[PDB]
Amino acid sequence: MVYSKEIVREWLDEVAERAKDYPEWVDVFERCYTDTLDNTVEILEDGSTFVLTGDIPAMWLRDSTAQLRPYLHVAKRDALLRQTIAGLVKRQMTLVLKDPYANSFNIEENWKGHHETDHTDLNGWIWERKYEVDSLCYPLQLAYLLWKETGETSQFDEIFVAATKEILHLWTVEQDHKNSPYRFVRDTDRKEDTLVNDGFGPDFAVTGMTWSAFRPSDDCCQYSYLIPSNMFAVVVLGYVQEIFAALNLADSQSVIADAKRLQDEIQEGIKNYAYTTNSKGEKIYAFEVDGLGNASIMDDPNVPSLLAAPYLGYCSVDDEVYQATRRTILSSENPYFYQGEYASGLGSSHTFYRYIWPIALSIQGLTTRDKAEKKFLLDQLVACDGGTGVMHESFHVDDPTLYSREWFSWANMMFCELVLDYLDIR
């Protein structure tokens, strides 16, 4: 029992009626919305919620949050699903305590996943131990949004408090990666899947920002300060201060101060190091910097991205530097911007050349005030599905029957996000 079929069907009817002029949107929305709930979510022995990604049979801290986020609206009516989502926070925080450096986790201590190729400290709960700053943002974001959307507070238990302390500590240690206990080397010929310098990663200076090993694409950072994830960290560090103050949790005074101090330092770090200049001389955000003067000009479709900055709450969609960044990202000045017969959009080091991501099309829609652009991107999302009726990881710009990931629940849910945004559902 993860949700109430009766309440969810009624909410869907209400959505379908709001979107009645777009039957093509509705069919895709319902297929995607139903799939996540019936096929990716399960309640464990201990009453917590394990959420798998889809066609990779493991749980990402990133994916699992984005997967359940659109259910917050109906969770205001469906108290059972509200519990389910509180159980996901509970599972996430428990797994953070298991290993706060891992992106991905198993259903139990079973040693499924990548241990055989991977040289790092491991245990049987870990699917792979690729450290991505945003992996630790997402569970704090889910906890906060569950609280604000529904009023639920049961997720804020001793596990939550301990996991928050772990995150703050790890983020602090990673303000100077020289003190880090984390190393990762994978037996592979694909360099994006391992860390240079015998697992240490590329050179950097201290900036005040917090170091990451890998991106939310699961490919490794070129430079260690990944600006979108540090943007996300600043936001969720605000949530930490709100939750601890509103709820008088254990050690509130010390946690609020530690979180505030880290937030200020990461924010000062962004200010001092995160900006570069485009071909036209405009100030823009860099994607990755090292603090030694290198700064890449690009964006990757995975969230957190530069494109997603207003979506994650870091800045206003109206911000001048964001807008200049956006124009640079959605142009050939970005080496990952691809243009074909069916669509133009964002590819990734992680996917085949010429393949662009539905997640970034959705985010592009979510980060413009322009309703005609939202409607265009929705129509294109539906038209570039290879006749499947669901969202893929990536599809060829010249032929969307060429795609990756048959079953990618996170991407299905980002399509849902944009439809809800279009119908003014928030």
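We number the residues from 1 along the sequence you see.
When the two stretches 147-155 and 211-219 are set side by side, the higher mean Cα temperature factor goes to 147-155. Of the two segments examined, 192-200 and 340-348, it is 192-200 that shows the higher average Cα temperature factor in the deposited entry.
Residues shown: 130, 283, 178, 326. Highest C-alpha temperature factor in the entry: 178. Highest C-alpha temperature factor among 313, 228, 269, 139 per the entry: 269.
In the PDB entry, residue 19 places in the highest third of its chain by CA B-factor. Residue-level temperature factors show residue 8 in the middle third of its chain, judged at the C-alpha atom. Residue 301: CA B factor in the lowest third of modelled residues in this chain (values from the PDB entry). Sorting the modelled residues of the chain by their CA temperature factor places residue 368 in the middle third. Residue 384: CA B factor lies in the lowest third for its chain, per the PDB record.
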